[PDB]
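Notes for the one structure printed next.
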Number of protein chains: 4
Amino acid sequence: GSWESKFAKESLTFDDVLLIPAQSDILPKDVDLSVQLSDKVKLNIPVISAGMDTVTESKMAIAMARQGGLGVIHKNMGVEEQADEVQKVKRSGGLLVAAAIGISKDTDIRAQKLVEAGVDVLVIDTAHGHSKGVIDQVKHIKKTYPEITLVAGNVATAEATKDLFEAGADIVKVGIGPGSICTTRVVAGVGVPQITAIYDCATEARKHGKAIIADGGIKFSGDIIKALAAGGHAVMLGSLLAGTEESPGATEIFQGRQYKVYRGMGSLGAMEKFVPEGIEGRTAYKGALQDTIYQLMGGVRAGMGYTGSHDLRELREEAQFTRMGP
Amino acid sequence: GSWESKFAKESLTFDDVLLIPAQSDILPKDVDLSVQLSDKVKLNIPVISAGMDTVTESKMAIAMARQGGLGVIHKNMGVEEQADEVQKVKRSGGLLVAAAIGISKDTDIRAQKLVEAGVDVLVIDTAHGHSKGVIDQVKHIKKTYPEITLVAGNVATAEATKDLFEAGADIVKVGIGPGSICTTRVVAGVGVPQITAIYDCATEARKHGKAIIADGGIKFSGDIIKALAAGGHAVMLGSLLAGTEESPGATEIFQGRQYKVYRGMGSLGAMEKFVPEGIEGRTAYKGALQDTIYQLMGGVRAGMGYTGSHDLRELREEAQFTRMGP
Amino acid sequence: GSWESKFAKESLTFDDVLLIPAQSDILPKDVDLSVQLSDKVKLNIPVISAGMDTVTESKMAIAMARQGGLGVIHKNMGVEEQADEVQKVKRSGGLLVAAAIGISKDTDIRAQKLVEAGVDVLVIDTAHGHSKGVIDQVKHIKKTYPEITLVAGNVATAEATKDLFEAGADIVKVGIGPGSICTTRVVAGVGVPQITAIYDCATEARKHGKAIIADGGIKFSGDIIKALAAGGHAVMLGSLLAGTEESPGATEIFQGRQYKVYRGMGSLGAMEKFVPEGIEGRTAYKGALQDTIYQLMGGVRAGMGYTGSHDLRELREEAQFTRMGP
Amino acid sequence: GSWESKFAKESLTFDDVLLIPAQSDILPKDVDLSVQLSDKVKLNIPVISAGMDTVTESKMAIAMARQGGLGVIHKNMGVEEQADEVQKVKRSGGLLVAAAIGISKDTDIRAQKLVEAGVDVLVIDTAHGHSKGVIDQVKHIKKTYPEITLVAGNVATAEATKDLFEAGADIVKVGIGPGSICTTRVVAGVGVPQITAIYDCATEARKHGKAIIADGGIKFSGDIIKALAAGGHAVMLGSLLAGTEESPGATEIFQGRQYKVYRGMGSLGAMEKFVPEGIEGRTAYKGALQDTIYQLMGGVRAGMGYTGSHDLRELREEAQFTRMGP
Ligand SMILES: C[C@H](Nc1ccc2ncc(CO)cc2c1)C(=O)Nc1ccc(Cl)c(N(C)C)c1
Ligand SMILES: C[C@H](Nc1ccc2ncc(CO)cc2c1)C(=O)Nc1ccc(Cl)c(N(C)C)c1
Ligand SMILES: C[C@H](Nc1ccc2ncc(CO)cc2c1)C(=O)Nc1ccc(Cl)c(N(C)C)c1
Ligand SMILES: C[C@H](Nc1ccc2ncc(CO)cc2c1)C(=O)Nc1ccc(Cl)c(N(C)C)c1
Ligand SMILES: O=c1[nH]cnc2c1ncn2[C@@H]1O[C@H](COP(=O)(O)O)[C@@H](O)[C@H]1O
Ligand SMILES: O=c1[nH]cnc2c1ncn2[C@@H]1O[C@H](COP(=O)(O)O)[C@@H](O)[C@H]1O
Ligand SMILES: O=c1[nH]cnc2c1ncn2[C@@H]1O[C@H](COP(=O)(O)O)[C@@H](O)[C@H]1O
Ligand SMILES: O=c1[nH]cnc2c1ncn2[C@@H]1O[C@H](COP(=O)(O)O)[C@@H](O)[C@H]1O
């Protein structure tokens, strides 16, 4: 019964696992990092920048797309403002671009202006995607724009993933509570350790033949490959990209050291009724996006070389982990 | 045998678990936070302030009741003094009030004056409620005042809970060793990690159709919902409320920062023969009770929205957890 | 096979367990703390001070015996010097006294002078008691002095305990690696977490009807009751008693704060060929032995009151624990 | 299936285990520390210094060999430079010496000059030895020089070990990610906790009757004996030897304290395309190699005395561990 199964489940995070090295005949420089997210969207690297007001606006989306990745333009701005940012990305050599939409009544206006601006992928981005509001919005957006790649989230269970894909989503975004600036676990007591959330959701996605985005909690390149090997098609980054020059914030100095503001979309500052679910902090200035992406992808290339993985499909389907203690 | 089963049991604390998000068609603002503790006592929020000399006197009991909660007037004062505090709460618009009683010979005098003062709930509050002294006091108080709501504790086992409810208690208070200022675990080597203590005691309480109060160890709003989802009908708070303006202590300044004194009822200072079982410390001034209660209940509302819980009964009976490592 | 069973065993320390509260009809002040170590030796409290040059000489042995406990005069001094210390203890009202002996060739001379001085218990104290040298010394000492209570150690296994009791030891002392100043685990990679070491050794001792001393790793009163409840008849203390006025060292001041020197018997300073197995450090001045013993025994009394244990036999045979995470 | 077994494996590190003390009739001074690595190579102590530019050049290889150990001359220098270092070691009384070779095209030239210089053991040292490049190099080196002792690595699995021994390696070197200066786990998300890596690889090596070198992650003498007892024939040290006078770096002063530079062979500084897999740091000056080796071997002697191990073979085949928590 439900009473008896209350504590049956046990879950794993990035720090609980390591990839086991395997027979390899490939050098890190020769591995294939490309991923087919939908029949219309292919990325050259499995990295997506987060739809956050301290992470992705036009500058970040352009630089990400230039590296073979993707940017999610945040929705904490006017509808025409969001459309204008998408337009600049499209004007920068026809680069791919994504944009976040909600479930509020203004969504129909927002979705229309973004599609008119040339957006390639719409992201129904909510704190809790296993809801009637999200499922109905997935159906409406897919019915209205059947030629637009649709991401829906955030989820952390197989049942939620099944419901989003069945409602018409092309991609399901995974992550309830793992974020660096996230206080969801502390404030609401809810969450699923990210490695188990990815694995459970990817187990379901394999039945549908559709992709998942592993969103949140990635601290280093090692966590990227672990996220992909657990079942994620691509990863979403907030913290690792917030300190780059290309993020929306201004570079400020403090006691001789340069910093950039990084905040949760559920923080008081971002929300300006709901109690905060994110913090506002200062992160070290990391220089250009180009440098950070190269170091992170180099780490992924090393791990694929250790696992004998020629491409991401082989890494997802064959790579093995070991569990460990602290 | 007893020798062979010495280390069979394994227990969980708040930090070992998280609630799993589920299908939801309800917004945090629309969830129902009310709880029926007894046929005569209904709270609008599942929060009770602790019977401690640095937490609850008339001011705290009035503010708590005003928020839909309850206050437990501490017994570390004269019998007529305790009766006077209850009287002020009753004079403040007929608000609900509780008062702590012991097992000492002066209890008959104390219980009579509190009942005459209009007390709604008597709390037989001891460090160890699974005792002959407590069970006999439960029988006596219930026989003398059958119209008064009776809480008895503290316990951490199913057998203890069964014995207290069978002796005539309406509500059983759960918590042996989890408190913030508590040194019971360190000093006496006794205790049950609070999530397992709640679950084991609520498993028994379900058979009797009676309520349990999850007492101690709550550090944030996330721990409140975890305490309720593990089986608690309401939670008891010490640390989270000690820094509010409404607590009995005076606001003192230290190096430009404001603080309030918070101490265990088993500390040297509070006890003024038994060796101390609590510490005396300084806690950050948090301002008004009203602000702290709103932030804590907002966090509970978010978690119920993630779990799809419309009310606390559904959260207790259906919500699922996951276990995790450090 | 031995290869396949290399990592089969799993062990518990003090910090992994807590005692479960049980039905109680006894107040902490009324519990019985006495223990029958041998037909000739009964203690009023289950506490023995360690045979260490920074813990027990005549002053500590007198004060310990006065509290109902026992002191082990260390052997890092001349044979006649050790005999002189035992003599002072016996001259102080016929109080009980113990003295440490080794396995070296000078032991016959040392054992004779200590017995002539009126020693009640001889302690064959070695870093590794599961050895041919110790077993032969047990046989020799018991054959020579059949009327003297004989302790032999240190061990951490059932097979070792069985071998020491069968060789003629009356009491087996348990503890390989748990000490506060001990570097045995770090230096030699050997040890058994103390709760499992006590339990495994007490499981064997129950078959022989003989006592065990739980030696090392006790940081607070809570660890004392856990040590006894896991199967120990009495506990041995080093760290908790080193800072008392009665320990052999002189009280020294450092930046306005008083300290006492505490060192392992395997430290460079104590040993003055073997590489050190203990450190030399400064511990906080705790005042009189009388005060420390009262606080520690008060904590034990509280735990026995929570467990419903009237005496130590009931605590050893019936008390139950719960395991927990960090 | 591969999908279902993704998280089946669980692994142990040095800090998760302790050796269980056993029946002993041997003193630490009388234990035998010698090991037969190949029919041509016998060491008097089971210690090999690492092939790193901050650990082993001629000075370290001479001192190590003088203690009964072995040094691995690093390959981050000219072919004739490496040959010159080997020559100095051979000129110092015919002491044993080892030298590292890669899988690059210049290897044939390097291997020939080292063999001509009198090298006793060639070490095919790579970050990932379970590769086509390494296996082919093992075959080539063994075919060319059948009279030279050949080490191949690094590996962490039974299948990898089997493949290296079958290709013709005499000794397999174990260690993927455990190093002190190693960022492989963090950067590439790959690794096997070292105790399990040794055990799994030694399980396979027992079938072939060949030796394994436990490489990396040893912080103290206790970790050396644990590494050997888990199945390693000898251990390889980097961190523990980097601070000795005999290491290639120069002794530098910082705020009155002496330090030596210690860096990973995958650090930016050492590599001077691949992203770094090691850090560059300052380690405390430990004085002479002779002193450090004596303290480390003394600790190993103590542990063998506790386990009753007369020699390393008995320690590998019979010694038992216990698992524990943090
Ligand atoms: C204040 C908080 N803010 C955010 C903002 C962005 C987020 N982005 C991702 C995640 C995933 O942990 C959580 C987030 C929370 C938030 O929206 N809570 C929240 C909690 C429960 C429910 Cl049912 C809902 N529904 C969407 C109404 C919203
Ligand atoms: C000194 C200590 N003080 C307190 C005071 C308030 C407490 N309130 C709650 C809890 C729960 O950990 C413990 C508390 C200990 C205390 O009463 N110990 C204590 C220990 C064991 C037993 Cl059997 C008893 N019985 C009631 C006689 C009392
Ligand atoms: C240096 C060290 N010193 C001490 C001194 C007192 C101790 N007292 C207790 C314990 C228990 O961890 C260890 C101790 C180590 C020590 O004696 N090691 C040691 C290690 C292994 C063996 Cl087989 C032996 N045998 C007695 C010859 C001695
Ligand atoms: C940059 C790094 N540097 C080093 C250098 C020395 C090392 N020595 C030992 C270990 C074992 O963790 C790792 C090391 C990494 C390195 O070589 N990575 C690396 C990663 C994956 C593969 Cl498949 C390969 N193959 C040999 C081409 C190399
Ligand atoms: O305030 C917030 N609360 C909880 N999660 C958040 C919040 N803001 C953003 N997130 C999530 O955290 C991710 C960033 O994770 P990070 O890379 O670990 O910093 C975003 O992509 C969101 O899914
Ligand atoms: O001195 C004490 N020792 C042990 N527990 C205490 C003491 N004083 C109060 N408590 C308990 O700790 C609770 C407060 O827990 P907190 O909210 O974690 O601070 C109270 O409601 C009591 O049940
Ligand atoms: O140098 C040493 N190495 C290891 N154990 C030691 C040493 N000296 C004393 N011990 C043990 O540690 C105990 C004291 O433990 P403590 O009370 O945790 O400080 C003594 O009774 C001895 O059994
Ligand atoms: O940069 C590096 N990355 C990873 N492992 C390294 C690196 N450099 C050396 N190692 C390994 O780490 C070992 C030294 O380990 P340590 O004794 O724990 O410092 C060497 O013998 C190598 O196997």
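Ordering of the structure tokens sets the chain letters (A, B, ...), residue numbers begin anew at 1 in every chain, and ligands are numbered from 1 in the order given.
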Item to check | Interface list for chain B, partner chain C, 7 Å threshold, only C-alpha atoms, as a PyMOL selection string | outcome: chain B and resi 2-3+6-7+9-12+128+130-132+185-192+273-275
Item to check | alpha helix (DSSP H) call set, DSSP backbone run, segment 100-244 of chain B, as a count of residues only | outcome: 66
Counting only C-alpha atoms and all ligand atoms, which residues in chain A sit no more than 9 Å from ligand 1? For each one, give the nearest pair of atoms and the distance in Å, sorted by chain then residue number, as CSV.
residue,atom,partner,partner_atom_place_in_ligand_line,distance
A:51,CA,ligand 1,8 (N),9.0
A:52,CA,ligand 1,6 (C),8.5
A:103,CA,ligand 1,26 (C),8.7
A:125,CA,ligand 1,8 (N),7.3
A:126,CA,ligand 1,26 (C),5.5
A:127,CA,ligand 1,13 (C),3.9
A:128,CA,ligand 1,26 (C),5.1
A:129,CA,ligand 1,26 (C),7.4
A:130,CA,ligand 1,23 (Cl),8.7
A:131,CA,ligand 1,23 (Cl),7.6
A:133,CA,ligand 1,26 (C),8.6
A:134,CA,ligand 1,26 (C),8.8
A:153,CA,ligand 1,9 (C),8.7
A:154,CA,ligand 1,11 (C),6.2
A:155,CA,ligand 1,11 (C),8.2
A:174,CA,ligand 1,11 (C),8.6
A:175,CA,ligand 1,11 (C),5.7
A:176,CA,ligand 1,12 (O),3.9
A:177,CA,ligand 1,12 (O),3.9
A:178,CA,ligand 1,12 (O),6.5
A:179,CA,ligand 1,12 (O),6.6
A:182,CA,ligand 1,12 (O),6.5
A:183,CA,ligand 1,12 (O),8.1
A:184,CA,ligand 1,12 (O),5.7
A:185,CA,ligand 1,12 (O),8.0
A:188,CA,ligand 1,20 (C),7.7
A:190,CA,ligand 1,12 (O),8.7
A:191,CA,ligand 1,12 (O),7.6
A:215,CA,ligand 1,11 (C),8.4
A:216,CA,ligand 1,11 (C),8.0
A:264,CA,ligand 1,6 (C),6.8
A:265,CA,ligand 1,5 (C),4.5
A:266,CA,ligand 1,3 (N),3.4
A:267,CA,ligand 1,3 (N),7.1
A:268,CA,ligand 1,1 (C),8.9
A:270,CA,ligand 1,5 (C),8.7
A:271,CA,ligand 1,1 (C),7.8
A:273,CA,ligand 1,1 (C),8.9
A:274,CA,ligand 1,1 (C),5.2
A:275,CA,ligand 1,1 (C),5.9
A:276,CA,ligand 1,1 (C),5.2
A:277,CA,ligand 1,1 (C),4.9
A:278,CA,ligand 1,3 (N),7.0
Writing out the chosen residues with C-alpha atoms as an mmCIF file, in the first residue's frame:
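New file selection_5.cif:
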data_model
loop_
_atom_site.group_PDB
_atom_site.id
_atom_site.type_symbol
_atom_site.label_atom_id
_atom_site.label_comp_id
_atom_site.auth_asym_id
_atom_site.auth_seq_id
_atom_site.Cartn_x
_atom_site.Cartn_y
_atom_site.Cartn_z
ATOM 1 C CA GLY A 51 16.312 30.368 -19.558
ATOM 2 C CA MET A 52 17.376 32.638 -16.666
ATOM 3 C CA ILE A 103 1.110 28.701 -18.835
ATOM 4 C CA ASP A 125 9.387 26.142 -18.569
ATOM 5 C CA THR A 126 7.679 25.704 -15.182
ATOM 6 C CA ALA A 127 8.760 24.763 -11.659
ATOM 7 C CA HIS A 128 6.404 21.730 -11.845
ATOM 8 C CA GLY A 129 5.592 20.307 -15.313
ATOM 9 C CA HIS A 130 3.485 17.359 -14.055
ATOM 10 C CA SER A 131 0.395 19.593 -13.899
ATOM 11 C CA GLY A 133 -1.871 23.565 -16.736
ATOM 12 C CA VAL A 134 1.307 22.336 -18.460
ATOM 13 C CA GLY A 153 9.185 20.636 -18.061
ATOM 14 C CA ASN A 154 10.423 20.423 -15.349
ATOM 15 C CA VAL A 155 9.850 16.824 -14.256
ATOM 16 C CA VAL A 174 14.361 16.868 -16.187
ATOM 17 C CA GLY A 175 15.229 18.548 -12.864
ATOM 18 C CA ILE A 176 13.239 19.166 -9.618
ATOM 19 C CA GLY A 177 15.537 20.619 -6.917
ATOM 20 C CA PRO A 178 19.211 20.041 -8.085
ATOM 21 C CA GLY A 179 20.178 23.640 -9.131
ATOM 22 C CA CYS A 182 17.986 26.391 -5.836
ATOM 23 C CA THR A 183 16.330 26.357 -2.395
ATOM 24 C CA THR A 184 13.355 24.128 -3.576
ATOM 25 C CA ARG A 185 14.628 21.154 -1.497
ATOM 26 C CA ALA A 188 9.390 22.859 -0.163
ATOM 27 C CA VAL A 190 10.638 18.182 -2.598
ATOM 28 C CA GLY A 191 13.091 16.751 -5.088
ATOM 29 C CA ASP A 215 18.599 20.311 -16.226
ATOM 30 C CA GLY A 216 20.495 21.546 -13.126
ATOM 31 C CA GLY A 264 17.502 31.796 -9.131
ATOM 32 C CA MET A 265 14.395 32.576 -11.185
ATOM 33 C CA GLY A 266 12.474 31.962 -7.914
ATOM 34 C CA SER A 267 14.523 34.541 -5.957
ATOM 35 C CA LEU A 268 12.943 37.796 -4.589
ATOM 36 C CA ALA A 270 13.825 37.760 -10.111
ATOM 37 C CA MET A 271 10.121 37.501 -9.029
ATOM 38 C CA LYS A 273 1.720 34.921 -3.129
ATOM 39 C CA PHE A 274 4.833 32.730 -3.739
ATOM 40 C CA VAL A 275 7.621 32.505 -1.134
ATOM 41 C CA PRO A 276 11.214 32.484 -2.634
ATOM 42 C CA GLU A 277 12.661 29.194 -3.966
ATOM 43 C CA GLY A 278 16.056 30.566 -5.041
#
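Note that atom CA of residue 289 of chain B and atom CA of residue 74 of chain B are 17.9 Å apart.
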Next on the checklist: When DSSP is applied to the backbone of this structure, which of segment 55-205 of chain A are assigned strand (DSSP E)? Write them out as a PyMOL selection string.
Outcome noted: chain A and resi 70-73+98-101+121-125+149-155+171-174
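The list of residues with at least one atom within 7 Å of residue 168 of chain B, based on only C-alpha atoms and without residues fewer than 4 positions apart in the same chain, reads residues 138, 139, 142 and 164 of chain B.
Separating atom CA of residue 158 of chain C from atom CA of residue 55 of chain C is a distance of 28.7 Å.
Restricting the calculation to only C-alpha atoms, the smallest distance between residue 96 of chain D and any of D:42, D:75, D:210, D:140 is found for D:42.
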Next on the checklist: I want to know what sits within 10 Å of residue 145 of chain B, based on only C-alpha atoms, with residues of the same chain fewer than 5 positions away left out; could you give that as a ChimeraX atom specification?
Outcome noted: /B:111-112,115,122,140,150
Those residues you just picked out, can you put them in a file as a PDB file, in the first residue's frame with C-alpha atoms?
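For reference, out06.pdb as written:
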ATOM      1  CA  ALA B 111      -4.433  21.616  36.157  1.00  0.00           C
ATOM      2  CA  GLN B 112      -7.430  22.992  38.142  1.00  0.00           C
ATOM      3  CA  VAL B 115      -8.933  24.747  33.370  1.00  0.00           C
ATOM      4  CA  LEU B 122      -3.565  20.348  28.550  1.00  0.00           C
ATOM      5  CA  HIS B 140      -6.222  10.945  36.228  1.00  0.00           C
ATOM      6  CA  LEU B 150      -5.302  16.064  26.311  1.00  0.00           C
TER       7      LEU B 150
END
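Coordinates place atom CA of residue 181 of chain A at a distance of 14.3 Å from atom CA of residue 284 of chain A.
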Tell me which protein, DNA and RNA residues are within 6 Å of segment 240-246 of chain B, counting only C-alpha atoms, leaving out same-chain ones fewer than 3 positions away, and put them as a PDB file with N, CA, C and O atoms, in the first residue's frame.
ATOM      1  N   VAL B  55      10.389  30.518  24.393  1.00  0.00           N
ATOM      2  CA  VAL B  55       9.544  30.410  23.192  1.00  0.00           C
ATOM      3  C   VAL B  55       8.103  30.901  23.407  1.00  0.00           C
ATOM      4  O   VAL B  55       7.677  31.786  22.668  1.00  0.00           O
ATOM      5  N   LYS B  59       2.060  36.461  24.826  1.00  0.00           N
ATOM      6  CA  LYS B  59       2.339  37.160  23.560  1.00  0.00           C
ATOM      7  C   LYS B  59       2.465  36.209  22.367  1.00  0.00           C
ATOM      8  O   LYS B  59       1.922  36.490  21.298  1.00  0.00           O
ATOM      9  N   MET B  60       3.205  35.098  22.551  1.00  0.00           N
ATOM     10  CA  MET B  60       3.469  34.107  21.500  1.00  0.00           C
ATOM     11  C   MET B  60       2.203  33.297  21.258  1.00  0.00           C
ATOM     12  O   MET B  60       1.823  33.114  20.107  1.00  0.00           O
ATOM     13  N   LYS B 260      18.492  37.007  20.290  1.00  0.00           N
ATOM     14  CA  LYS B 260      17.522  36.591  21.304  1.00  0.00           C
ATOM     15  C   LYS B 260      18.081  35.325  21.914  1.00  0.00           C
ATOM     16  O   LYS B 260      18.684  34.518  21.199  1.00  0.00           O
ATOM     17  N   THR B 283      20.333  33.294  19.276  1.00  0.00           N
ATOM     18  CA  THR B 283      19.779  33.098  17.934  1.00  0.00           C
ATOM     19  C   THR B 283      19.462  34.452  17.284  1.00  0.00           C
ATOM     20  O   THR B 283      19.093  35.398  17.987  1.00  0.00           O
ATOM     21  N   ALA B 284      19.622  34.543  15.950  1.00  0.00           N
ATOM     22  CA  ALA B 284      19.389  35.765  15.171  1.00  0.00           C
ATOM     23  C   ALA B 284      17.958  36.300  15.306  1.00  0.00           C
ATOM     24  O   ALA B 284      17.002  35.524  15.220  1.00  0.00           O
ATOM     25  N   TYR B 285      17.816  37.625  15.526  1.00  0.00           N
ATOM     26  CA  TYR B 285      16.511  38.286  15.628  1.00  0.00           C
ATOM     27  C   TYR B 285      15.829  38.248  14.258  1.00  0.00           C
ATOM     28  O   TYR B 285      16.372  38.778  13.287  1.00  0.00           O
ATOM     29  N   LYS B 286      14.669  37.574  14.175  1.00  0.00           N
ATOM     30  CA  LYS B 286      13.926  37.365  12.926  1.00  0.00           C
ATOM     31  C   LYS B 286      12.751  38.325  12.693  1.00  0.00           C
ATOM     32  O   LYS B 286      12.068  38.209  11.674  1.00  0.00           O
ATOM     33  N   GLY B 287      12.537  39.269  13.609  1.00  0.00           N
ATOM     34  CA  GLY B 287      11.432  40.218  13.516  1.00  0.00           C
ATOM     35  C   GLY B 287      10.136  39.636  14.042  1.00  0.00           C
ATOM     36  O   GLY B 287      10.153  38.884  15.016  1.00  0.00           O
ATOM     37  N   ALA B 288       9.004  39.963  13.392  1.00  0.00           N
ATOM     38  CA  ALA B 288       7.678  39.504  13.815  1.00  0.00           C
ATOM     39  C   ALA B 288       7.349  38.050  13.484  1.00  0.00           C
ATOM     40  O   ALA B 288       7.720  37.555  12.422  1.00  0.00           O
ATOM     41  N   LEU B 289       6.578  37.398  14.377  1.00  0.00           N
ATOM     42  CA  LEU B 289       6.071  36.027  14.248  1.00  0.00           C
ATOM     43  C   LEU B 289       5.332  35.862  12.911  1.00  0.00           C
ATOM     44  O   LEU B 289       5.509  34.857  12.222  1.00  0.00           O
TER      45      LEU B 289
END
